[PDB]
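> What follows is a structure written as structure tokens; I'll ask about it next.
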Protein chains: 2
Amino acid sequence: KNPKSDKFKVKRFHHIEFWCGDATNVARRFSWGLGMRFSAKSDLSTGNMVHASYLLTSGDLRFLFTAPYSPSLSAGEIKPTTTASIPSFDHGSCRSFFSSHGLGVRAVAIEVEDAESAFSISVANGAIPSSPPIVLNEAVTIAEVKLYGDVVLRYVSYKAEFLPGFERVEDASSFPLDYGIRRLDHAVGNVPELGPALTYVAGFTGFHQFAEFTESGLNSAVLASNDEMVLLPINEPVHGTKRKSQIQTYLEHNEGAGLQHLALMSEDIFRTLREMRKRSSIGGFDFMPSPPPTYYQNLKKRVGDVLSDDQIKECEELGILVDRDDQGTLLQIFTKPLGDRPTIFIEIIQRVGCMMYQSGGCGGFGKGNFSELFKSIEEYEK
Amino acid sequence: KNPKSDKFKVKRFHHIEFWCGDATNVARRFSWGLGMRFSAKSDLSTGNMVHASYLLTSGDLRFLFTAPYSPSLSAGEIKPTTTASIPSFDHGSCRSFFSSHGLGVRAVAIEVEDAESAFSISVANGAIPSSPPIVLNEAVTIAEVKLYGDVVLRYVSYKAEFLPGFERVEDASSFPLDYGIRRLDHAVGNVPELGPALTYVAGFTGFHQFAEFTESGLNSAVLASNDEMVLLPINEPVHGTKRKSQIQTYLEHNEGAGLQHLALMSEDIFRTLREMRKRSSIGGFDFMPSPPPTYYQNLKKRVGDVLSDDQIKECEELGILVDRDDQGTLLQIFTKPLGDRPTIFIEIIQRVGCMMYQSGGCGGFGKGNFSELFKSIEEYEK
Ligand SMILES: Cc1c(C(=O)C2=C(O)CCCC2=O)ccc2c1C(=O)N(CCF)CC(=O)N2C
Ligand SMILES: Cc1c(C(=O)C2=C(O)CCCC2=O)ccc2c1C(=O)N(CCF)CC(=O)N2C
Ligand SMILES: [Co+2]
Ligand SMILES: [Co+2]
């Protein structure tokens, strides 16, 4: 059931902002590793004396990388005279975030009908404010509320090209990389206590419970917007098991709650994974260890109706996981952590089914692959 | 004249250590951009709860990238029980360095006969101590003194594989990239006042003045070891010109003195620059704008005896600069800044001449290319 209870009009995921030590090196690594083009910038060369911000795009997916300059460059500025293109930015907030958590997501940004209305309604409904609505060049409105840990949910609305004050990137630096990634499918938080986290976020958004489930290290539940195109899963650890909760490991190395993974939809996951895997050892991203051959023998009996033997064999080459609910099928694979700490990682996904356009969450989030990987692993020992 | 006045036995440049926010992303970007292999690591997977350190190598050149973990992982450690593989590391020193300067070189490391002797002699001769000599696994000795700003000169000596506590990297992650770079030729500091800087460093090393020169933004002088294989140029701004001193710009954005550039010798600069330039827009490094065609017409009359028309034409394709002293010829080119701030950059060089082995500094450091670029530029306007 979908009660469609959004307290304001939400459209789609808009962008994800990483807070970095050096935005240049992170953005260049991500561009090559994921196949995203350099599409906009805001930095010293655009008149920004406050922060360096670089935007990568692939299809509709937008990754923003931001780092602070020396505060001395902007010492005479005040907020009414700022050269920052993102008015919520603060040197001290950014250095404290990064010192505490390391490289990770500061902002999960969604496009809404009216960011000022979304902000007021959210705070009137219990959201902790982080940055009030600010109108940029009377064209774009931006506002932020706390989501979990030091992650903010950022609202963006357009009257009628990323943000005012950003410049489109010079074609020579804009190499048109593309490995098939097209949009953000979901963004997942890790918290110490799921119940309060769910109550808080669902409280101020009106997002409804899309899915939920309770030996594998975690309990999880998913919040969704009215058309279930904005999907926000949240996990908590389950203490008292054998192998340690990876959620608990996350919370320890991250210094508390934060964003666990970004799932990126590919229009051709086979091509995406071939391209990403070619680059793993030359600057790109590494993938989690592949499942044993038993996992792929067992796939025939699970998705032989959806995937040819041929296509299953291609999953096995690439290490791709498959899961299925009563409506759709999910192809998924997970990177190793994106940076130094065992905290944030990326998931690549493609969904098959639920055609009407495709409905969001088609096939679920892969919770069946915990048990099926475990079984697959034991069968291969013997 | 070379008075060979080293106060201790110095061998060669050993490594350069970058202090980073996230060592993983910087090291991966540099590996791809410069063609260096992942050759050793010290991190959580090797038992290091303190810092993440990744070593890239190309020939004899060694680049180390280090970032701190959360202090909470090592809260119960003391120095006698530390899991850090580099005992001089300090979480607070590293975060303060990076907050102040951004991405850059913390340590210029030279291999000496005996690091404890080098340290004692250096401090007895005026060096400000930074980290006392520490013996690692009774095999390697490490010590550090202040060089300029927050950059340390690090002494390393071996009894008889990078450092104890580092692990050689698993061949699958060790992709054998190589674009021809072979060793560090020189490492250059920017300071507010050259005189005191020179007196201090030459005071405690016994390094001698190798070169010096005084409209182009700077005054510079070069200190050298006995065999002139360790070369340490130092620049200061010249205030009172037309175009702003790039040294002054460095000091402003870096929050004071620090390392300006690393010059990396290539065994085939043509191949190095072809490989680096292919990767500029796909995660690698950008190069400074190329000189006009006039610069390359003027090359025939300057180095037509050393370089064929053919080889000069290849310099012009690649943007390579050429200079010459009375003993040798220098091919050189400069990257744009390595990170967010207009501070540190890299030079690629190859030297022709001074054969005996090749003597260090053969051809100089390219100071003639300031005037020759300027002239070249005016000739091309008209
Ligand atoms: C994170 C994750 C998901 C996942 O996407 C998901 C959500 O989107 C929301 C519900 C809860 C949840 O976990 C699905 C499978 C999965 C992992 C996983 O993390 N790991 C550990 C590191 F890779 C190991 C592993 O073997 N499997 C199979
Ligand atoms: C740094 C540098 C050197 C250089 O290597 C050197 C030493 O090694 C020690 C003596 C002093 C010194 O400057 C040589 C040429 C040069 C630059 C240069 O910095 N720039 C600005 C940014 F690229 C612009 C430019 O046009 N030319 C031609
Ligand atoms: Co997921
Ligand atoms: Co130089």
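Chains: A, B, ... in order of the structure tokens. Residues: from 1 per chain. Ligands: from 1, in order shown.
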Lay chain A over chain B using all C-alpha atoms, matched one to one in order, with a least-squares fit; then write it out as a short mmCIF file (atom, residue, chain, number, x, y, z; two decimals) with C-alpha atoms, in the first residue's frame.

```
data_model
loop_
_atom_site.label_atom_id
_atom_site.label_comp_id
_atom_site.auth_asym_id
_atom_site.auth_seq_id
_atom_site.Cartn_x
_atom_site.Cartn_y
_atom_site.Cartn_z
CA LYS A 1 83.25 25.36 -7.50
CA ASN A 2 82.04 22.50 -5.27
CA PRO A 3 83.55 22.67 -1.75
CA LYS A 4 81.96 19.30 -0.83
CA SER A 5 81.05 20.47 2.66
CA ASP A 6 78.22 18.04 3.57
CA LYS A 7 78.28 17.64 7.34
CA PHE A 8 77.08 14.02 7.03
CA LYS A 9 77.02 11.37 4.32
CA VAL A 10 74.00 11.88 2.02
CA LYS A 11 73.12 9.39 -0.68
CA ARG A 12 70.03 10.15 -2.76
CA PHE A 13 66.48 11.37 -2.62
CA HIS A 14 64.49 8.54 -1.06
CA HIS A 15 60.82 9.54 -1.07
CA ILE A 16 58.32 12.38 -0.88
CA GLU A 17 55.35 12.18 1.50
CA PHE A 18 52.06 13.97 0.83
CA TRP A 19 49.76 14.67 3.75
CA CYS A 20 46.21 14.20 2.53
CA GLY A 21 42.62 14.25 3.60
CA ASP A 22 41.93 10.94 1.90
CA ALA A 23 45.12 9.13 0.88
CA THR A 24 43.24 6.56 -1.24
CA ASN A 25 41.77 9.04 -3.72
CA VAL A 26 44.93 11.12 -4.06
CA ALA A 27 47.12 8.06 -4.57
CA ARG A 28 44.74 6.58 -7.16
CA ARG A 29 44.61 9.87 -9.10
CA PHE A 30 48.39 10.26 -9.01
CA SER A 31 48.98 6.63 -10.01
CA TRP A 32 46.91 7.01 -13.18
CA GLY A 33 48.04 10.56 -13.96
CA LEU A 34 51.81 9.94 -13.57
CA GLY A 35 52.08 6.22 -14.33
CA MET A 36 53.25 5.00 -10.94
CA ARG A 37 52.53 1.55 -9.52
CA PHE A 38 50.96 0.80 -6.17
CA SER A 39 53.90 -0.91 -4.45
CA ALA A 40 53.44 -0.87 -0.65
CA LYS A 41 50.80 -0.10 1.97
CA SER A 42 50.34 0.46 5.69
CA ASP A 43 46.71 0.72 6.78
CA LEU A 44 43.92 -1.07 8.65
CA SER A 45 44.58 -4.23 6.61
CA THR A 46 48.20 -4.30 7.86
CA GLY A 47 47.27 -3.57 11.49
CA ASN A 48 47.81 0.21 11.39
CA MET A 49 44.99 1.83 13.42
CA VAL A 50 46.55 5.29 13.19
CA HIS A 51 47.12 6.31 9.58
CA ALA A 52 46.55 5.11 6.03
CA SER A 53 49.72 5.27 3.93
CA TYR A 54 50.07 4.20 0.28
CA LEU A 55 53.33 4.08 -1.67
CA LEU A 56 53.54 4.64 -5.45
CA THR A 57 56.76 3.92 -7.32
CA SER A 58 58.13 4.56 -10.79
CA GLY A 59 61.76 3.57 -11.18
CA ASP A 60 63.52 5.07 -8.17
CA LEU A 61 60.84 7.72 -7.53
CA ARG A 62 58.72 7.01 -4.43
CA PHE A 63 55.56 8.98 -3.58
CA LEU A 64 53.91 8.28 -0.21
CA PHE A 65 50.30 9.38 0.51
CA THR A 66 49.22 9.49 4.14
CA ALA A 67 46.00 10.48 5.92
CA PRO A 68 44.81 10.03 9.53
CA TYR A 69 42.09 7.67 10.65
CA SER A 70 39.72 8.68 13.42
CA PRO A 71 41.80 9.14 16.60
CA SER A 72 39.21 6.94 18.33
CA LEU A 73 40.66 3.81 16.67
CA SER A 74 43.98 4.27 18.49
CA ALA A 75 42.75 6.04 21.63
CA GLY A 76 44.24 3.44 23.96
CA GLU A 77 47.66 3.42 22.29
CA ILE A 78 50.72 5.28 23.51
CA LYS A 79 53.88 5.77 21.48
CA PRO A 80 55.54 2.65 23.01
CA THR A 81 52.49 0.58 21.90
CA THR A 82 51.69 2.38 18.65
CA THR A 83 50.42 0.59 15.56
CA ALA A 84 51.63 3.46 13.35
CA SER A 85 54.30 2.42 10.89
CA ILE A 86 55.64 5.99 10.67
CA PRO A 87 56.31 6.93 14.31
CA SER A 88 56.61 10.66 13.57
CA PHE A 89 52.96 10.75 12.52
CA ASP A 90 50.54 12.74 14.65
CA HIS A 91 46.78 13.06 14.02
CA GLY A 92 46.68 16.69 15.13
CA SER A 93 49.81 17.72 13.23
CA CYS A 94 48.41 16.16 10.06
CA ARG A 95 44.95 17.71 10.34
CA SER A 96 46.49 21.11 11.15
CA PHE A 97 48.90 20.89 8.21
CA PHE A 98 46.12 20.03 5.79
CA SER A 99 43.63 22.56 7.17
CA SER A 100 46.28 25.26 6.82
CA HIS A 101 47.95 24.35 3.51
CA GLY A 102 45.68 21.95 1.67
CA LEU A 103 47.17 18.99 -0.17
CA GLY A 104 50.94 19.13 -0.29
CA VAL A 105 54.31 17.73 0.66
CA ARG A 106 54.95 17.20 4.37
CA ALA A 107 58.28 15.42 4.00
CA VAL A 108 61.24 15.54 1.65
CA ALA A 109 63.11 12.35 2.52
CA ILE A 110 66.76 11.69 1.73
CA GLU A 111 68.67 8.46 2.26
CA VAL A 112 71.75 8.97 4.40
CA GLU A 113 74.46 6.75 5.79
CA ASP A 114 73.15 6.97 9.35
CA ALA A 115 69.95 8.83 10.19
CA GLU A 116 70.80 9.19 13.88
CA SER A 117 74.17 10.76 13.07
CA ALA A 118 72.63 13.01 10.41
CA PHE A 119 70.01 14.17 12.93
CA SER A 120 72.45 14.86 15.76
CA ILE A 121 74.91 16.69 13.49
CA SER A 122 72.05 18.67 11.91
CA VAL A 123 70.61 19.83 15.23
CA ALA A 124 74.09 20.50 16.60
CA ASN A 125 74.43 22.80 13.57
CA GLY A 126 71.17 24.72 13.99
CA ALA A 127 68.41 22.47 12.60
CA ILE A 128 65.09 22.70 14.40
CA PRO A 129 64.23 19.13 15.43
CA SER A 130 60.87 17.73 14.42
CA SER A 131 61.03 14.01 15.19
CA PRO A 132 63.97 12.28 16.92
CA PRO A 133 65.66 9.20 15.43
CA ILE A 134 63.56 6.06 15.75
CA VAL A 135 64.75 2.57 14.86
CA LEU A 136 62.12 0.41 13.16
CA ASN A 137 62.44 -3.35 13.77
CA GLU A 138 66.20 -2.78 14.25
CA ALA A 139 66.51 -2.41 10.48
CA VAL A 140 65.66 1.15 9.43
CA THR A 141 66.24 4.43 11.23
CA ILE A 142 64.11 7.51 10.66
CA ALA A 143 64.43 11.11 11.89
CA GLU A 144 63.11 14.54 10.89
CA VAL A 145 64.12 18.22 11.09
CA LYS A 146 62.31 21.34 9.93
CA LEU A 147 63.12 22.44 6.36
CA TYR A 148 60.83 25.44 5.64
CA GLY A 149 57.26 26.23 6.67
CA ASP A 150 55.69 22.96 7.84
CA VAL A 151 57.86 20.86 5.49
CA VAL A 152 60.36 18.52 7.14
CA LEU A 153 63.60 17.14 5.78
CA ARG A 154 63.40 13.45 6.67
CA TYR A 155 66.52 11.29 7.08
CA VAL A 156 66.30 7.54 6.38
CA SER A 157 69.10 4.98 6.79
CA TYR A 158 69.11 1.20 6.28
CA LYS A 159 71.27 -1.36 8.05
CA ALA A 160 71.26 -3.71 5.07
CA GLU A 161 61.01 -3.26 1.77
CA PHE A 162 60.09 0.44 2.00
CA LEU A 163 59.69 0.65 5.77
CA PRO A 164 59.06 -2.02 8.40
CA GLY A 165 55.34 -2.44 8.89
CA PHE A 166 54.56 -1.81 5.23
CA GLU A 167 53.31 -4.69 3.10
CA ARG A 168 54.11 -5.19 -0.55
CA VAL A 169 50.95 -4.75 -2.56
CA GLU A 170 48.96 -7.68 -3.96
CA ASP A 171 49.78 -8.05 -7.66
CA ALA A 172 46.13 -7.69 -8.71
CA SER A 173 45.97 -4.17 -7.25
CA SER A 174 49.52 -3.56 -8.49
CA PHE A 175 48.95 -2.72 -12.15
CA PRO A 176 52.44 -2.15 -13.71
CA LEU A 177 51.89 1.38 -15.02
CA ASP A 178 55.01 3.14 -16.27
CA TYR A 179 55.17 6.32 -18.37
CA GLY A 180 58.95 6.64 -18.11
CA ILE A 181 59.46 8.58 -14.89
CA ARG A 182 62.56 7.31 -13.06
CA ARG A 183 63.65 9.56 -10.16
CA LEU A 184 63.27 12.85 -8.28
CA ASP A 185 65.63 15.43 -9.75
CA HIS A 186 64.96 18.33 -7.39
CA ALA A 187 62.41 19.65 -4.88
CA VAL A 188 61.74 23.36 -4.59
CA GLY A 189 60.59 25.54 -1.70
CA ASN A 190 58.85 28.92 -1.72
CA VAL A 191 59.65 31.18 1.26
CA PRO A 192 59.00 34.84 2.16
CA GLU A 193 62.73 35.54 2.68
CA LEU A 194 65.38 33.63 0.74
CA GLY A 195 68.43 34.79 2.70
CA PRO A 196 67.49 33.39 6.10
CA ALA A 197 66.09 30.26 4.48
CA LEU A 198 69.36 29.58 2.63
CA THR A 199 71.51 30.33 5.68
CA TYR A 200 69.47 27.97 7.86
CA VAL A 201 69.44 24.97 5.51
CA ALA A 202 73.02 25.33 4.31
CA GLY A 203 73.92 25.91 7.96
CA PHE A 204 72.80 22.48 9.19
CA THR A 205 73.45 20.33 6.10
CA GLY A 206 76.68 21.73 4.76
CA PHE A 207 75.00 21.75 1.35
CA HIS A 208 76.71 24.19 -1.00
CA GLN A 209 75.34 26.80 -3.39
CA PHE A 210 74.99 25.14 -6.80
CA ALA A 211 73.31 28.01 -8.66
CA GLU A 212 71.61 31.35 -8.07
CA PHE A 213 69.93 34.12 -10.00
CA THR A 214 67.94 37.28 -9.41
CA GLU A 215 61.35 41.06 -13.69
CA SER A 216 60.09 37.48 -13.59
CA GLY A 217 58.65 37.35 -10.06
CA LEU A 218 61.36 35.64 -8.02
CA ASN A 219 64.88 35.29 -6.72
CA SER A 220 66.20 31.74 -6.42
CA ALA A 221 69.19 29.80 -5.17
CA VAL A 222 69.99 26.09 -5.20
CA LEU A 223 71.60 24.03 -2.44
CA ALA A 224 73.28 20.73 -3.28
CA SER A 225 74.88 17.71 -1.65
CA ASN A 226 78.51 16.69 -2.27
CA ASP A 227 77.83 14.85 -5.53
CA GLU A 228 75.03 17.34 -6.36
CA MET A 229 72.46 14.54 -6.65
CA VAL A 230 70.30 16.07 -3.90
CA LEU A 231 69.21 19.49 -5.20
CA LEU A 232 67.06 21.87 -3.13
CA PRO A 233 66.18 25.14 -4.87
CA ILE A 234 64.50 27.86 -2.79
CA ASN A 235 62.58 30.90 -4.13
CA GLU A 236 61.36 34.19 -2.63
CA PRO A 237 59.04 36.74 -4.27
CA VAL A 238 60.29 40.00 -5.73
CA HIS A 239 57.73 42.61 -4.66
CA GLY A 240 57.27 45.71 -6.81
CA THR A 241 56.68 44.46 -10.36
CA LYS A 242 53.86 44.56 -12.94
CA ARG A 243 52.38 41.07 -13.10
CA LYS A 244 52.04 39.64 -9.60
CA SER A 245 54.77 37.40 -8.23
CA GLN A 246 53.62 33.80 -8.56
CA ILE A 247 55.73 33.16 -5.45
CA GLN A 248 53.62 35.68 -3.55
CA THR A 249 50.44 34.08 -4.91
CA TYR A 250 51.76 30.72 -3.67
CA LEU A 251 52.46 32.09 -0.19
CA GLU A 252 48.99 33.63 0.06
CA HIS A 253 47.04 30.51 -0.96
CA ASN A 254 49.34 28.11 0.95
CA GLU A 255 49.23 30.14 4.18
CA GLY A 256 52.98 30.68 4.04
CA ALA A 257 56.12 28.84 3.01
CA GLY A 258 56.05 25.33 1.60
CA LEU A 259 57.09 23.09 -1.24
CA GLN A 260 56.43 24.69 -4.64
CA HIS A 261 57.27 21.94 -7.12
CA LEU A 262 58.72 18.47 -7.57
CA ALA A 263 60.82 17.90 -10.69
CA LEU A 264 60.65 14.30 -11.92
CA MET A 265 63.31 12.99 -14.27
CA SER A 266 62.04 10.93 -17.18
CA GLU A 267 64.16 8.49 -19.18
CA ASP A 268 62.07 9.47 -22.23
CA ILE A 269 60.27 12.76 -21.75
CA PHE A 270 58.56 12.44 -25.13
CA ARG A 271 56.86 9.21 -24.09
CA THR A 272 56.08 10.55 -20.59
CA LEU A 273 54.37 13.64 -21.96
CA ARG A 274 52.46 11.72 -24.61
CA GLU A 275 51.11 9.38 -21.92
CA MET A 276 50.36 12.11 -19.38
CA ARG A 277 48.69 14.33 -21.99
CA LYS A 278 46.42 11.51 -23.17
CA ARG A 279 45.15 11.29 -19.60
CA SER A 280 44.81 14.99 -18.70
CA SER A 281 41.04 15.06 -19.25
CA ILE A 282 40.34 11.55 -17.91
CA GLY A 283 41.59 11.81 -14.33
CA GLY A 284 45.24 12.78 -14.90
CA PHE A 285 47.15 16.05 -14.73
CA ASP A 286 46.76 19.19 -16.82
CA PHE A 287 49.74 21.04 -18.25
CA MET A 288 50.46 24.75 -18.36
CA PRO A 289 49.48 26.46 -21.64
CA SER A 290 51.93 25.68 -24.40
CA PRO A 291 54.30 28.35 -25.76
CA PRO A 292 53.43 29.96 -29.10
CA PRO A 293 54.91 28.65 -32.37
CA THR A 294 57.49 31.45 -32.21
CA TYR A 295 59.11 29.82 -29.17
CA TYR A 296 59.71 26.71 -31.27
CA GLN A 297 60.97 28.60 -34.32
CA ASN A 298 63.50 30.23 -31.97
CA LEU A 299 64.55 26.79 -30.69
CA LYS A 300 66.42 25.91 -33.89
CA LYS A 301 68.82 28.82 -33.32
CA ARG A 302 69.31 27.74 -29.68
CA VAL A 303 69.53 23.93 -29.60
CA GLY A 304 69.72 22.96 -33.27
CA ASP A 305 73.08 21.35 -32.43
CA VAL A 306 71.55 19.13 -29.73
CA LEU A 307 68.08 18.39 -31.12
CA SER A 308 67.18 17.53 -34.69
CA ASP A 309 64.42 19.51 -36.40
CA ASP A 310 62.45 16.28 -35.95
CA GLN A 311 62.98 16.23 -32.19
CA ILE A 312 62.23 19.96 -31.96
CA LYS A 313 58.97 19.34 -33.82
CA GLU A 314 58.12 16.69 -31.21
CA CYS A 315 58.83 19.23 -28.44
CA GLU A 316 56.37 21.60 -30.13
CA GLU A 317 53.61 18.97 -30.29
CA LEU A 318 54.04 18.21 -26.58
CA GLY A 319 54.57 21.78 -25.33
CA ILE A 320 58.05 20.98 -24.02
CA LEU A 321 60.36 23.83 -22.97
CA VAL A 322 64.10 23.75 -23.62
CA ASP A 323 66.93 25.60 -21.88
CA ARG A 324 70.69 25.33 -21.88
CA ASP A 325 73.73 26.34 -19.87
CA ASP A 326 77.40 26.06 -20.84
CA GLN A 327 77.47 22.33 -20.00
CA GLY A 328 74.11 20.78 -20.84
CA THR A 329 70.58 21.02 -22.23
CA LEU A 330 67.29 20.76 -20.31
CA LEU A 331 63.89 19.64 -21.59
CA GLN A 332 61.14 20.62 -19.12
CA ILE A 333 57.38 21.10 -18.83
CA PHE A 334 55.10 22.07 -15.94
CA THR A 335 51.73 20.81 -14.76
CA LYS A 336 48.94 22.98 -13.53
CA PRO A 337 48.54 22.79 -9.72
CA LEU A 338 48.06 19.26 -8.41
CA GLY A 339 45.06 20.11 -6.25
CA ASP A 340 42.51 22.78 -5.40
CA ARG A 341 44.85 25.57 -4.51
CA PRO A 342 47.32 27.31 -6.87
CA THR A 343 50.25 26.06 -4.86
CA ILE A 344 52.15 22.83 -5.55
CA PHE A 345 52.75 21.62 -9.12
CA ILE A 346 55.00 19.09 -10.87
CA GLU A 347 57.76 19.52 -13.45
CA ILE A 348 58.80 16.75 -15.86
CA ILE A 349 62.41 17.00 -17.01
CA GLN A 350 65.09 15.26 -18.99
CA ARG A 351 68.72 16.37 -19.14
CA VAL A 352 71.16 16.00 -22.06
CA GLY A 353 74.92 16.18 -21.54
CA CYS A 354 77.48 16.34 -18.70
CA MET A 355 78.53 12.73 -19.25
CA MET A 356 81.47 11.37 -17.26
CA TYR A 357 76.96 8.61 -15.39
CA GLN A 358 75.39 12.07 -15.76
CA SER A 359 76.29 14.83 -13.32
CA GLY A 360 73.47 16.40 -11.35
CA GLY A 361 71.84 19.62 -12.42
CA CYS A 362 73.09 19.19 -16.01
CA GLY A 363 71.65 22.14 -17.93
CA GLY A 364 70.36 24.01 -14.87
CA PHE A 365 66.74 24.60 -13.88
CA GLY A 366 65.29 26.54 -16.81
CA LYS A 367 65.66 30.11 -15.61
CA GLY A 368 66.34 31.19 -19.21
CA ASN A 369 62.80 30.18 -20.15
CA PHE A 370 61.28 33.10 -18.24
CA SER A 371 62.77 35.63 -20.67
CA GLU A 372 62.55 33.34 -23.70
CA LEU A 373 58.86 32.64 -23.05
CA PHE A 374 58.15 36.35 -22.64
CA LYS A 375 59.96 37.24 -25.88
CA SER A 376 58.34 34.27 -27.61
CA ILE A 377 54.93 35.60 -26.47
CA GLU A 378 55.44 39.18 -27.69
CA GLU A 379 56.77 38.01 -31.06
CA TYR A 380 53.57 36.00 -31.54
CA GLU A 381 51.21 38.90 -30.80
CA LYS A 382 52.87 40.75 -33.68
#
```
> Can you list every residue in range 92-143 of chain A that DSSP puts in alpha helix (DSSP H), as a VMD selection string?
chain A and resid 92 to 101 115 to 124
> What residues in range 39-267 of chain B get the DSSP label strand (DSSP E or B)? Please answer as a ChimeraX atom specification.
/B:39-42,51-58,61-68,104-112,129-136,140-148,151-158,167-168,181-190,208-213,218-224,231-237,258-266
